[PDB]
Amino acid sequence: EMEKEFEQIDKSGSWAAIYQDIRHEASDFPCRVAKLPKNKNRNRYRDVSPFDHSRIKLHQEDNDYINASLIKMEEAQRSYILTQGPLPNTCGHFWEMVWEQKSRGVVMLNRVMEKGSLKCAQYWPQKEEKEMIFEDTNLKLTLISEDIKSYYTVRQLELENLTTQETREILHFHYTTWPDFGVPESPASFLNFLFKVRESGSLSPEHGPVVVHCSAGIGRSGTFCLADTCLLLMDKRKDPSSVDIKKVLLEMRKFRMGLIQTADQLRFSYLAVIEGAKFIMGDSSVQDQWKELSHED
């Protein structure tokens, strides 16, 4: 039905209108803590805040604020943590969160710099031989390896708690070619990237929620998560076609504002869920066709 639905909307060109309806109907919950004066400097954007009911709380008894939201998708049974791109002063908080929430993967969908603007801090080591230490949160971070592809890069990081001298492996999945307020090049490139993430196990129920961010943590992040959850649902339901993408997006917006920032991102999500259904419904070969089409070399 969603492909039937997708057809009417394109045919009549109503993406902007359909998108404005989602915006009109989205939830509005208080952001009290995010707005406290002492937390001014912990927010990259003063108009993108986590809701109080779903914000992630740092376990430091001084100030527990981080701009980050737990997105708990019940029917689909996946949780994601959506966050803003760490600021030079909240890098220690970010990794505190990753440690405390027991996350195994981090998905970064932006670049540190876009159109000459600073969009995110360099919060992970670019060189094996130069590790990072976050003094405020007593954590250590070390680049272990990095498989670089044409449009993304997977890294293996070692995060160590200096307090307890325990270490974990964190996988880092950086999509380098997704412009702010833009879409990926193709459904193929996106889906190929999403499936690399799934295949790493980082999304396994046995780990904390994967951390997903871009600069603000709503647009590309929202797009990434919607598509994933919708595909998840088409798998579970005895009826894959029933899945209403607009409804899933509204469910998700109960947990963080603004998810999906443009009408073209919404359109893209349909493309990606539709295409990705092919795999859900048995076409084994289709995944190799996204690898050849995404041009990951």
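Sequential numbering from 1, following the sequence displayed.
Problem set entry | 80-88 set against 115-123, stretch whose average Cα temperature factor tops the other in the entry | Between 115-123 and 80-88, it is 115-123.
Exercise. Mean C-alpha B factor from the entry: is it higher for 235-243 or for 261-269?
Worked result: Higher of the two, by average CA B-factor, is 235-243.
For this session: Using the entry's values, work out which of 166, 131, 100, 180 has the largest Cα B factor.
Result: Out of 166, 131, 100, 180, the record gives the largest C-alpha B-factor to 166.
For this session: Looking at the entry's B-factor column for C-alpha atoms only, identify whether residue 45 ranks in the lowest, middle or highest third of its chain.
Result: Its C-alpha B-factor belongs to the highest third of this chain's values.
Problem set entry | Position of residue 63 among the chain's modelled residues by C-alpha B-factor, lowest, middle or highest third | For residue 63, whose C-alpha B-factor we compare with every modelled residue in the chain, the answer is the highest third.
For this session: Sorting the chain's modelled residues by C-alpha B-factor, tell me whether residue 151 ends up in the lowest, middle or highest third.
Result: Tercile = highest for this residue's CA B-factor.
Exercise. Residue 145's Cα B-factor: lowest, middle or highest third of the chain?
Worked result: Ranked within chain, residue 145 CA B lands in the middle tercile.
For this session: Sort the modelled residues of this chain by their C-alpha B factor and say whether residue 16 lands in the lowest, middle or highest third.
Result: For residue 16, the deposited C-alpha B-factor lands in the lowest third.
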